[PDB]
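**Student:**
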Amino acid sequence: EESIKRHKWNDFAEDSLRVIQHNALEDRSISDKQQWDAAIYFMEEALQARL
Amino acid sequence: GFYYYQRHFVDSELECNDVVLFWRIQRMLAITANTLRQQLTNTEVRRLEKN
Amino acid sequence: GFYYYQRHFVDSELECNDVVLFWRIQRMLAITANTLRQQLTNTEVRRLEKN
């Protein structure tokens, strides 16, 4: 209990993540079959759960 | 589906662009998890040990 | 394939920045010519008649 309360996460991460996240999204280019299949896999998984 | 885009055929309904979104989000999940892990393992976990 | 260009997987795969370059300058030259023509025919020719 105590050790948790004496720790805080550095809030600046929120801004760093904002940049980093954008960069990972920024790649919109599926150049070949392998990434095409990975992309279709994740799309199928995410949509199948909601379906 | 790959021929349609080589040929630019006009009667082709199929356009596979949702694939790019979920590819991007999969990679963004990976990048966010990894950045958070690195912040944890080099900055926050040692602060936790001190606390 | 313009799509092979869009892939941009590797140099061996089609890397047609050349076609898009010559297209861009196609647009530049055509629009410059038409702008010059328009100023000529609606502004400069009537000024020429007055002079």
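Residue numbers (PDB author numbering), protein chains in the order written: chain A, 706 to 756; chain B, 859 to 909; chain C, 859 to 909.
All C-beta atoms, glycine included, are put in the ideal place defined by N, C-alpha and C.
Can you have a look at C/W881 and say buried or exposed, based on whether 16 or more other CB atoms are within 10 angstroms of its CB?
**Tutor:** That one is exposed.
**Student:** Which same chain residues, not among the five before or five after B/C874, have their C-beta less than 8 Å away from its C-beta?
**Tutor:** Hits under 8 Å: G859.
**Student:** Does the segment 715 to 725 of chain A come within contact of the segment 733 to 749 of chain A, defined as at least 3 CB pairs closer than 8 Å?
**Tutor:** The answer is no - the segment 733 to 749 of chain A does not touch the segment 715 to 725 of chain A, with fewer than three Cβ pairs under 8 Å.
**Student:** Can you give the Cα-Cα distance for B/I889 and A/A729, rounded to whole angstroms?
**Tutor:** Approximately 7 Å, taken between the alpha carbons.
**Student:** Rounded to whole angstroms, what is the Cα-Cα separation between A/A751 and C/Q896?
**Tutor:** So the alpha carbons of these two residues sit roughly 54 Å apart.
**Student:** So for A/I735, helix, strand or coil by DSSP?
**Tutor:** DSSP places A/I735 in coil when its eight states are reduced to three.
**Student:** If we count the other Cβ atoms within 10 Å of its Cβ and call it buried at 16 or more, is C/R865 buried or exposed?
**Tutor:** So C/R865 ends up on the buried side.
**Student:** Beta-carbon separation of A/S708 and B/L906 under 9 Å?
**Tutor:** For A/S708 and B/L906, yes; Cβs fall inside 9 Å.
**Student:** What residues of chain B sit near A/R711, judged by a beta carbon separation below 8 Å?
**Tutor:** Residues of chain B passing the Cβ test: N909.
**Student:** What is the C-beta distance between B/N909 and A/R733, in whole angstroms, given that I count them as a contact (C-beta under 8 Å)?
**Tutor:** Not confirmed; about 42 Å, so no contact.
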